[PDB]
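Trainee: Input file: work_32.csv. Contents: CSV, N, CA, C and O atoms.
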```csv
chain,number,residue,atom,x,y,z
K,1,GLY,N,88.9,62.3,79.7
K,1,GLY,CA,90.1,62.3,80.7
K,1,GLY,C,89.7,61.5,81.9
K,1,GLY,O,90.5,61.0,82.6
K,2,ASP,N,88.3,61.2,82.0
K,2,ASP,CA,87.9,60.4,83.1
K,2,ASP,C,87.9,59.0,82.7
K,2,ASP,O,87.8,58.1,83.6
K,3,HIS,N,88.2,58.7,81.4
K,3,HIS,CA,88.3,57.4,81.0
K,3,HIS,C,89.4,57.3,80.0
K,3,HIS,O,89.3,57.4,78.8
K,4,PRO,N,90.6,57.1,80.6
K,4,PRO,CA,91.8,57.1,79.8
K,4,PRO,C,92.1,55.7,79.3
K,4,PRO,O,91.9,55.4,78.1
K,5,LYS,N,92.6,54.8,80.2
K,5,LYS,CA,92.9,53.4,79.8
K,5,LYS,C,92.3,52.6,80.9
K,5,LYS,O,92.2,52.9,82.0
K,6,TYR,N,91.9,51.4,80.4
K,6,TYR,CA,91.2,50.4,81.3
K,6,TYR,C,92.3,49.9,82.3
K,6,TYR,O,92.0,49.7,83.5
K,7,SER,N,93.5,49.7,81.8
K,7,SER,CA,94.6,49.2,82.7
K,7,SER,C,94.8,50.2,83.8
K,7,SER,O,95.1,49.9,84.9
K,8,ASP,N,94.8,51.5,83.4
K,8,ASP,CA,95.1,52.6,84.4
K,8,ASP,C,94.0,52.5,85.5
K,8,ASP,O,94.3,52.7,86.6
K,9,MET,N,92.8,52.3,85.1
K,9,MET,CA,91.7,52.3,86.0
K,9,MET,C,91.8,51.1,86.9
K,9,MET,O,91.6,51.1,88.1
K,10,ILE,N,92.2,49.9,86.3
K,10,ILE,CA,92.4,48.7,87.0
K,10,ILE,C,93.6,48.9,88.0
K,10,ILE,O,93.5,48.5,89.2
K,11,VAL,N,94.7,49.5,87.6
K,11,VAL,CA,95.8,49.8,88.4
K,11,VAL,C,95.3,50.7,89.6
K,11,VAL,O,95.7,50.4,90.7
K,12,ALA,N,94.6,51.7,89.3
K,12,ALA,CA,94.1,52.7,90.3
K,12,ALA,C,93.3,51.9,91.3
K,12,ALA,O,93.4,52.2,92.5
K,13,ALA,N,92.4,51.0,90.8
K,13,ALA,CA,91.5,50.3,91.7
K,13,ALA,C,92.3,49.5,92.7
K,13,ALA,O,92.1,49.4,93.9
K,14,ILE,N,93.4,48.8,92.1
K,14,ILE,CA,94.2,47.9,92.9
K,14,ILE,C,95.0,48.7,93.9
K,14,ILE,O,95.2,48.3,95.0
K,15,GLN,N,95.5,49.9,93.4
K,15,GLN,CA,96.3,50.7,94.2
K,15,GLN,C,95.5,51.3,95.4
K,15,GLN,O,96.0,51.4,96.5
K,16,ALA,N,94.2,51.6,95.1
K,16,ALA,CA,93.3,52.1,96.1
K,16,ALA,C,93.2,51.1,97.2
K,16,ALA,O,93.2,51.4,98.4
K,17,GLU,N,93.1,49.8,96.8
K,17,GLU,CA,92.9,48.8,97.8
K,17,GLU,C,94.2,47.9,97.8
K,17,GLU,O,94.2,46.8,97.4
K,18,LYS,N,95.3,48.5,98.2
K,18,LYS,CA,96.6,47.8,98.2
K,18,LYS,C,96.6,47.0,99.5
K,18,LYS,O,97.6,47.2,100.3
K,19,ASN,N,95.6,46.2,99.7
K,19,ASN,CA,95.6,45.4,100.9
K,19,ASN,C,96.6,44.3,100.8
K,19,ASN,O,97.1,43.9,99.7
K,20,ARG,N,97.1,43.7,102.0
K,20,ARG,CA,98.1,42.7,102.0
K,20,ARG,C,97.5,41.5,101.2
K,20,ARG,O,98.2,40.8,100.5
K,21,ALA,N,96.2,41.2,101.4
K,21,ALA,CA,95.6,40.1,100.8
K,21,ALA,C,95.4,40.3,99.3
K,21,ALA,O,95.0,39.5,98.5
K,22,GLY,N,95.7,41.6,98.9
K,22,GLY,CA,95.5,42.0,97.5
K,22,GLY,C,94.2,42.6,97.3
K,22,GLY,O,93.4,42.7,98.3
K,23,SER,N,93.8,42.9,96.1
K,23,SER,CA,92.6,43.5,95.8
K,23,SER,C,91.7,42.5,95.2
K,23,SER,O,92.1,41.8,94.3
K,24,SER,N,90.5,42.3,95.7
K,24,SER,CA,89.5,41.3,95.2
K,24,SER,C,89.1,41.7,93.8
K,24,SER,O,89.2,42.9,93.4
K,25,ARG,N,88.7,40.7,93.0
K,25,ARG,CA,88.3,40.9,91.6
K,25,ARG,C,87.1,41.8,91.6
K,25,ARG,O,87.0,42.7,90.8
K,26,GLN,N,86.2,41.5,92.6
K,26,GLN,CA,85.0,42.3,92.6
K,26,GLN,C,85.3,43.7,93.0
K,26,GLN,O,84.7,44.7,92.5
K,27,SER,N,86.3,43.9,93.9
K,27,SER,CA,86.7,45.2,94.3
K,27,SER,C,87.3,46.0,93.2
K,27,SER,O,87.0,47.2,93.1
K,28,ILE,N,88.0,45.4,92.2
K,28,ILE,CA,88.5,46.1,91.1
K,28,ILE,C,87.4,46.7,90.3
K,28,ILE,O,87.5,47.9,90.0
K,29,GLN,N,86.4,45.9,90.0
K,29,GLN,CA,85.3,46.5,89.2
K,29,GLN,C,84.4,47.4,90.0
K,29,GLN,O,83.9,48.4,89.5
K,30,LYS,N,84.3,47.1,91.3
K,30,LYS,CA,83.5,47.9,92.2
K,30,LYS,C,84.1,49.3,92.3
K,30,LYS,O,83.3,50.3,92.2
K,31,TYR,N,85.4,49.4,92.5
K,31,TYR,CA,86.0,50.7,92.6
K,31,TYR,C,85.8,51.4,91.3
K,31,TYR,O,85.4,52.6,91.3
K,32,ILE,N,86.1,50.8,90.2
K,32,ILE,CA,86.0,51.4,88.9
K,32,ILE,C,84.6,51.9,88.7
K,32,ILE,O,84.3,53.0,88.2
K,33,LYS,N,83.6,51.0,88.9
K,33,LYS,CA,82.2,51.3,88.7
K,33,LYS,C,81.8,52.5,89.6
K,33,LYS,O,81.1,53.4,89.2
K,34,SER,N,82.2,52.4,90.9
K,34,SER,CA,81.8,53.4,91.8
K,34,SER,C,82.5,54.8,91.5
K,34,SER,O,81.8,55.8,91.6
K,35,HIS,N,83.7,54.8,91.1
K,35,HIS,CA,84.4,56.1,90.9
K,35,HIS,C,84.3,56.5,89.4
K,35,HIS,O,84.5,57.7,89.1
K,36,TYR,N,84.1,55.5,88.5
K,36,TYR,CA,84.1,55.9,87.1
K,36,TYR,C,82.8,55.3,86.5
K,36,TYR,O,82.4,54.3,86.9
K,37,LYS,N,82.2,56.1,85.5
K,37,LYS,CA,81.0,55.6,84.9
K,37,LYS,C,81.4,54.5,84.0
K,37,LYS,O,82.3,54.6,83.1
K,38,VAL,N,80.7,53.3,84.1
K,38,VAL,CA,81.0,52.2,83.2
K,38,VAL,C,79.7,51.6,82.8
K,38,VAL,O,78.6,51.8,83.4
K,39,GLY,N,79.7,50.8,81.7
K,39,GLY,CA,78.5,50.2,81.2
K,39,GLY,C,78.7,48.7,81.3
K,39,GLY,O,79.7,48.3,81.8
K,40,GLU,N,77.7,47.9,80.8
K,40,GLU,CA,77.8,46.5,80.9
K,40,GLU,C,78.9,46.0,80.0
K,40,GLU,O,79.7,45.1,80.4
K,41,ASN,N,79.0,46.7,78.8
K,41,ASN,CA,80.1,46.3,77.9
K,41,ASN,C,81.4,46.6,78.5
K,41,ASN,O,82.4,45.8,78.4
K,42,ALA,N,81.5,47.7,79.2
K,42,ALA,CA,82.7,48.2,79.8
K,42,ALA,C,83.1,47.1,80.9
K,42,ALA,O,84.3,46.8,81.0
K,43,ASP,N,82.1,46.6,81.6
K,43,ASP,CA,82.4,45.7,82.7
K,43,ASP,C,83.1,44.4,82.1
K,43,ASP,O,84.0,43.9,82.6
K,44,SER,N,82.6,44.0,80.9
K,44,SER,CA,83.1,42.9,80.2
K,44,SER,C,84.6,43.2,79.8
K,44,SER,O,85.5,42.3,79.9
K,45,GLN,N,84.8,44.4,79.3
K,45,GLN,CA,86.1,44.8,78.9
K,45,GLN,C,87.0,44.9,80.1
K,45,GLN,O,88.2,44.5,80.0
K,46,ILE,N,86.5,45.3,81.3
K,46,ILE,CA,87.3,45.4,82.5
K,46,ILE,C,87.8,44.0,82.8
K,46,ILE,O,89.0,43.8,83.1
K,47,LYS,N,86.9,43.0,82.8
K,47,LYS,CA,87.3,41.7,83.1
K,47,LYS,C,88.3,41.2,82.2
K,47,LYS,O,89.3,40.5,82.5
K,48,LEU,N,88.1,41.5,80.9
K,48,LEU,CA,89.1,41.0,79.9
K,48,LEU,C,90.4,41.7,80.1
K,48,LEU,O,91.4,41.0,80.0
K,49,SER,N,90.4,43.0,80.4
K,49,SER,CA,91.6,43.7,80.6
K,49,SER,C,92.3,43.2,81.8
K,49,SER,O,93.5,43.0,81.8
K,50,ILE,N,91.6,42.9,82.9
K,50,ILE,CA,92.2,42.3,84.1
K,50,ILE,C,92.8,41.0,83.8
K,50,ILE,O,94.0,40.7,84.2
K,51,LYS,N,92.1,40.2,83.0
K,51,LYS,CA,92.6,38.9,82.6
K,51,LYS,C,93.9,39.1,81.8
K,51,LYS,O,94.9,38.4,82.0
K,52,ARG,N,93.9,40.0,80.8
K,52,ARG,CA,95.0,40.3,80.0
K,52,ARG,C,96.2,40.7,80.8
K,52,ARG,O,97.3,40.3,80.6
K,53,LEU,N,95.9,41.6,81.8
K,53,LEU,CA,97.0,42.1,82.6
K,53,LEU,C,97.6,41.0,83.4
K,53,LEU,O,98.9,40.9,83.5
K,54,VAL,N,96.8,40.0,83.8
K,54,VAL,CA,97.3,38.9,84.5
K,54,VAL,C,98.1,38.0,83.6
K,54,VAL,O,99.2,37.5,83.9
K,55,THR,N,97.6,37.9,82.3
K,55,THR,CA,98.2,37.1,81.3
K,55,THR,C,99.6,37.7,81.0
K,55,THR,O,100.6,37.0,80.8
K,56,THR,N,99.7,39.0,80.8
K,56,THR,CA,101.0,39.7,80.5
K,56,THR,C,101.9,39.6,81.7
K,56,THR,O,103.1,39.7,81.6
K,57,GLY,N,101.4,39.3,82.9
K,57,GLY,CA,102.2,39.2,84.1
K,57,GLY,C,102.3,40.5,84.8
K,57,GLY,O,103.0,40.6,85.8
K,58,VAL,N,101.6,41.5,84.2
K,58,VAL,CA,101.7,42.8,84.8
K,58,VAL,C,101.1,42.7,86.2
K,58,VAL,O,101.6,43.3,87.2
K,59,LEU,N,99.9,42.1,86.3
K,59,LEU,CA,99.2,41.9,87.5
K,59,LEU,C,99.7,40.6,88.1
K,59,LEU,O,99.8,39.6,87.4
K,60,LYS,N,99.9,40.6,89.4
K,60,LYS,CA,100.4,39.5,90.1
K,60,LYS,C,99.2,38.7,90.5
K,60,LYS,O,98.1,39.2,90.8
K,61,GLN,N,99.4,37.3,90.6
K,61,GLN,CA,98.3,36.4,91.0
K,61,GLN,C,98.3,36.2,92.4
K,61,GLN,O,99.4,36.1,93.1
K,62,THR,N,97.1,36.2,93.0
K,62,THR,CA,97.0,36.1,94.4
K,62,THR,C,96.0,34.9,94.7
K,62,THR,O,95.3,34.5,93.7
K,63,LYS,N,96.0,34.4,95.9
K,63,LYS,CA,95.2,33.3,96.3
K,63,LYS,C,93.7,33.6,96.1
K,63,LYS,O,93.3,34.8,95.8
K,64,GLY,N,92.9,32.6,96.2
K,64,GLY,CA,91.4,32.8,96.1
K,64,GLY,C,91.1,33.0,94.7
K,64,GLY,O,90.2,33.7,94.3
K,65,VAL,N,91.9,32.3,93.8
K,65,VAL,CA,91.6,32.4,92.4
K,65,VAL,C,90.3,31.7,92.0
K,65,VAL,O,90.1,30.5,92.3
K,66,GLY,N,89.4,32.5,91.5
K,66,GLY,CA,88.1,32.0,91.1
K,66,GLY,C,87.1,32.4,92.2
K,66,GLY,O,85.9,32.7,91.9
K,67,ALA,N,87.5,32.3,93.5
K,67,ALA,CA,86.7,32.5,94.6
K,67,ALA,C,86.5,34.0,94.7
K,67,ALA,O,85.5,34.6,94.6
K,68,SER,N,87.7,34.7,95.0
K,68,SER,CA,87.7,36.1,95.1
K,68,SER,C,88.4,36.7,94.0
K,68,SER,O,88.1,37.8,93.5
K,69,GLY,N,89.4,36.0,93.4
K,69,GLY,CA,90.2,36.5,92.3
K,69,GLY,C,91.0,37.6,92.8
K,69,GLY,O,91.0,38.7,92.2
K,70,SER,N,91.7,37.5,93.9
K,70,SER,CA,92.5,38.6,94.4
K,70,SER,C,93.7,38.7,93.5
K,70,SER,O,94.3,37.8,93.0
K,71,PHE,N,94.1,40.0,93.3
K,71,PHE,CA,95.2,40.3,92.4
K,71,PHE,C,96.1,41.3,93.1
K,71,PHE,O,95.6,42.1,93.9
K,72,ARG,N,97.4,41.2,92.8
K,72,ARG,CA,98.3,42.1,93.4
K,72,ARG,C,98.9,42.9,92.3
K,72,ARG,O,99.0,42.5,91.1
K,73,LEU,N,99.4,44.1,92.6
K,73,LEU,CA,100.0,45.0,91.6
K,73,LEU,C,101.5,44.9,91.8
K,73,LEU,O,102.1,45.0,92.9
K,74,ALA,N,102.2,44.5,90.7
K,74,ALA,CA,103.6,44.4,90.8
K,74,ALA,C,104.2,45.8,90.6
K,74,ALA,O,104.2,46.3,89.5
K,75,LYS,N,104.8,46.3,91.7
K,75,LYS,CA,105.4,47.6,91.6
K,75,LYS,C,106.7,47.5,90.9
K,75,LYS,O,107.6,46.9,91.5
```
Could you show the structure in this file as structure tokens?
Mentor:
Amino acid sequence: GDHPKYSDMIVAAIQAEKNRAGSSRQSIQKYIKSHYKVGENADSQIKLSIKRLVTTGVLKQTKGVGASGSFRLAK
């Protein structure tokens, strides 16, 4: 129950830091790693899931792409 869906954790991380500038890419994994136990493989999956979410358009794109990789949550 502490590890339901990667997207849910990503959403939770972004919701936790619903900053105007958006949530940094590092912040998404940092929040998840800090609040949820993750492994190296999981980190890779998180990055893939974040990318997929952006790909599906679920996650909004924010500036600093590649630098910070800020992402916004489309409510």
Trainee: From the set K:26, K:56, K:15, K:7, which residue has the shortest atom-to-atom contact distance to residue 69 in chain K, counting only C-alpha atoms?
Mentor: K:26
Trainee: Counting all atoms listed in the file, what is within 8 Å of range 35-49 of chain K, bar same-chain residues fewer than 4 positions away, as an NGL selection string?
Mentor: :K and (2-3 or 6-7 or 10 or 25 or 28-31 or 53-56 or 59)
Trainee: Can you work out the spacing between atom C of residue 1 in chain K and atom C of residue 21 in chain K in Å, to one decimal?
Mentor: 28.0 Å
Trainee: Restricting the calculation to only N, CA, C and O atoms: of K:20, K:73, K:9, K:51, which residue gets closest to residue 32 in chain K?
Mentor: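 Checking each candidate against residue 32 in chain K, we get K:9 as the closest.
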Trainee: Would you please extract all helix (DSSP H, G or I) residues from chain K, as assigned by DSSP on the backbone, and give them as an MDAnalysis selection string?
Mentor: chainID K and resid 6:16 25:35 40:56
Trainee: So what do you get for CA of residue 67 in chain K versus CA of residue 11 in chain K, distance-wise?
Mentor: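 Separation of CA of residue 67 in chain K and CA of residue 11 in chain K: 20.5 Å.
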Trainee: Determine which residues of range 7-71 of chain K receive a DSSP assignment of strand (DSSP E or B), computed from the backbone, and state them as a list in words.
Mentor: residues 23, 59, 60, 61 and 71 of chain K
Trainee: Separation of CA of residue 68 in chain K and CA of residue 4 in chain K, in Å?
Mentor: 26.3 Å
